[PDB]
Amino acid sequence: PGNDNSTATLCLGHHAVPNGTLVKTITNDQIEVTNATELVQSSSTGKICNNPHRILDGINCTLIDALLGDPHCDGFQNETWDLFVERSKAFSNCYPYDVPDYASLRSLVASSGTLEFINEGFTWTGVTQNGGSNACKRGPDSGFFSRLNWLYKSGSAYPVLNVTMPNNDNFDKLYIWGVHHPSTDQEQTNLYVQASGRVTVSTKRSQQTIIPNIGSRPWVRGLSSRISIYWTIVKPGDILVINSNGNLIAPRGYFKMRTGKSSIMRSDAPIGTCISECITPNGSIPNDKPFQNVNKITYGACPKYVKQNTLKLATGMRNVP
């Protein structure tokens, strides 16, 4: 036994494994290789890691209610965030309101990244300040949005209000203000005397001018009346003018604007004590893979969303028995 002593055989070969895996190529739809790796991240931990981004959990509050100063959102005064998280359980509990172009105000505040608020000494001659409502309880007393000033008649009139506030700073100022829509033609005169108020808020190059509308809306927290919320940004060197005949819900100051990496996300995922760069509404996901099919909504350093649930990259040669 054994082979001839006059010759020898020398074979060249490559390894093979008993557990090959199928990948896709140009040539073939399913070819077996010795080993491969997943390029699509398809699982999440289910928790939003609170590191390294500053996560601000809105809890019962939308960012807009935190902005306006709905009393149960008072804890959010002057807060900052990389990512604000709005929860589905959030609720409003102040004067019933609407925001024409709600989404834009929510966006620009989210991106600014702070609710840093500065009080300015607006003088309001001839009107009563700090009106409160039973629909916006602040303890056991009637109350109102913290950042807003409900003005109304004094003595027995409401003089044409007319004030100015220059921006002598280096940053943009965001002013949030409002217009009150009473439910009855008798509610209107009772608060503001005039039978058709107006609110004009202007800078040098822009102006918004709103006329209220008397009428009943659906009962909300006792009320058929509404407030409509508007905003105005005043650039450095520009001037804010506020002129009103009545129905003005006045700002108490401005929010300091910033630019940066801040955003907002809707999610019910619990906040996690952990570390992850990529955040989705499902929770944080690892970012070792180039792609992911967890959620098209992401924040931070993330794999790119794709429709495939799996993409196998060969990392070894063809597997041949």
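Don't overthink the numbering: it's just position in the shown sequence, from 1.
Q: Between 143 to 151 and 159 to 167, point out the one with the higher average CA B-factor as the PDB entry records it.
A: Higher mean C-alpha B-factor: 159 to 167.
Q: Which wins on mean Cα temperature factor, 64 to 72 or 30 to 38?
A: Taking the mean B-factor of the alpha carbons in each, 30 to 38 is higher.
Q: Among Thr114, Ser104, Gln188, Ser225, which carries the highest Cα B-factor?
A: Max CA B-factor in the entry, restricted to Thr114, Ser104, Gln188, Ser225: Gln188.
Q: Which one, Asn243, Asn93, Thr232, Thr80, has the peak C-alpha temperature factor per the PDB entry?
A: Out of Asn243, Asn93, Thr232, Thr80, the record gives the largest C-alpha B-factor to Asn243.
Q: Consider only the C-alpha atoms of the modelled residues in this chain, order them by B-factor as the entry records it, and name the third containing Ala110: lowest, middle or highest.
A: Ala110: CA B-factor falls in the lowest third of its chain.
Q: Within this chain, which third does the Cα B-factor at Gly13 fall in: lowest, middle or highest?
A: Answer is middle: the recorded C-alpha B-factor places it there.
Q: Once the chain's modelled residues are ordered by C-alpha B factor and cut into thirds, is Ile118 in the lowest, middle or highest one?
A: According to the entry, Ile118 has a C-alpha B-factor in the chain's middle third.
Q: Hey, what third does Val199 fall into on Cα B-factor, ranked over its chain?
A: Top third by C-alpha B-factor.
Q: According to the PDB entry, is the CA B factor of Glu86 in the bottom, middle or top third of its chain, that is, lowest, middle or highest?
A: It falls in the bottom third of the chain.
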